[PDB]
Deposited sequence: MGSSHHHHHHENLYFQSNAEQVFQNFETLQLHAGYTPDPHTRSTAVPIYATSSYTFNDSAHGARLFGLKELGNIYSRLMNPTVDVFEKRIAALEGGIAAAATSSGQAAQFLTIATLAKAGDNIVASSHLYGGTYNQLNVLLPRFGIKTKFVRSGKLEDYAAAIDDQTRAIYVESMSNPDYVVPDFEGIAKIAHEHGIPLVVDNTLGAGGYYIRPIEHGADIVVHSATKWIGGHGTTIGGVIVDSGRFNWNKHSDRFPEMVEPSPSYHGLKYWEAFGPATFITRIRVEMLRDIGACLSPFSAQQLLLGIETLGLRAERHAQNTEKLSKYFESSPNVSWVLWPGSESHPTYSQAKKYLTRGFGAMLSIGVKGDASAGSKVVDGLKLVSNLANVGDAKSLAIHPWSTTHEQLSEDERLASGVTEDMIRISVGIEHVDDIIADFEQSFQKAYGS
């Protein structure tokens, strides 16, 4: 099972011999009963792997974590209640007051809020790099830096970073590369770990879940970053831990040190855990992830062709276009479809964008991306942003109906 299409259905689960349930049960339980007191000792002492408490782990969530880990080619994963929480728990494990991270400036608005407003209240500052130039990432790094953070394809301008060059800059300064791969659709479009990323985060809310039913995040550990080698920047990864009678994580867990700490420390103490109900919804999504991503990208390519030749369209941003500023990176790293998104500029005054979105009858006007239903938004008049710009999350409806919906909306706004 190299194949994503098979992993998305089978990885991380085998029917338990008690029930032999073919589908993944929903373990709607807070707790798990000890076999005896000494069993509980070993569980709480981390002396034995087992279910302790659903704030930390849950057999349903475990399948979701293992399956996403398998699809990204990581060693293991930890689920969170949202993508924001996946980002926050990651940075809070890597950095502490006085530390900083180096981040692309091309960010999801919620992530910018985190990096620019929330984390500085905890003494964690971010140096933003706008240029994408390796030299600029390198120059931003100082002795207090704890990560380079980039999105695998930014939103709504679809900048694809030089994963390999940036990973090397990070590794050569002793810090991990963290990649928000939400727009890589769970490893279908982009696999950052294959290109040097140490940690991958996702908003499972989007393409991973695929049906807009469920908020969720996930942190995937590549297992590839040597915390011992870089204990000068990450002493909590190796030094005796205040929370587990001096447990030394690296000594105990090796390549899983980071993701184990996420679970036994950060899930335990911040508590941004994922419901097993949410997990099951996401698993149903993941079972078709490859098929959906495949059709999403195919529809997106055709929609970009439609918008190129529309007399009402000023411009098109699509990472597959040769004119796109970071096309050589998209070409290099997106070999299974150029994602599910495009952005367009419409002709006319400032109200044109909103008229075109408001006139859509199939495409929905809302915040989300990565739903099976097509979504659009006029981001400046509502929520790389320009007032002619419409951002479009292309769904898996029949392409002719998506196109027709924009056609009738254009006819109404432009006669």
> Deposited sequence versus model: which ranges have no CA atoms?
Replying inline: 1 to 22, 406 to 417, 450
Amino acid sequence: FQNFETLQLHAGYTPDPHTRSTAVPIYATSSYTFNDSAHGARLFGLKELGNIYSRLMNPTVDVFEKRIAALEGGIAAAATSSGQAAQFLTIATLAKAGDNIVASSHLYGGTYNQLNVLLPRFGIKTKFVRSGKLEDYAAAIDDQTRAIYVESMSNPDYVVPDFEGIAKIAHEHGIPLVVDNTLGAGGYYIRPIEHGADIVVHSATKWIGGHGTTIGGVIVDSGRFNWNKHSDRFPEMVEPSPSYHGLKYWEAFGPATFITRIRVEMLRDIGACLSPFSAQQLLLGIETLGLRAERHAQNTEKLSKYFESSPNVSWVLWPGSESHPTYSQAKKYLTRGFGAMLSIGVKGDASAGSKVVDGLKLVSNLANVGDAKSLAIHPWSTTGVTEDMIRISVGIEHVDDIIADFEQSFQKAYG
From here on, numbers count along this sequence of modelled residues.
> What stretch has the higher average Cα B-factor here, 304 to 312 or 210 to 218?
Replying inline: 304 to 312
>> So, looking at the entry's B-factor column for Cα atoms, which has the higher mean, 87 to 95 or 127 to 135?
In response: 127 to 135
> For the listed residues 378, 66, 55, 373, which one has the largest C-alpha B-factor as given in the deposited model?
Replying inline: 378
> Say you rank 70, 28, 356, 61 by Cα B-factor from the PDB entry; which sits at the top?
Replying inline: 356
>> Sorting by Cα B-factor within the chain, modelled residues only, which third would residue 322 end up in: lowest, middle or highest?
In response: highest
> Lowest, middle or highest third: where is residue 245 by C-alpha B factor in its chain?
Replying inline: highest
> Can you tell me which third, lowest, middle or highest, the CA B-factor of residue 363 falls into for its chain?
Replying inline: middle
> Taking the C-alpha B-factors as the PDB entry records them, is residue 296 in the lowest, middle or highest third of its chain?
Replying inline: lowest
> Taking the C-alpha B-factors as the PDB entry records them, is residue 198 in the lowest, middle or highest third of its chain?
Replying inline: lowest
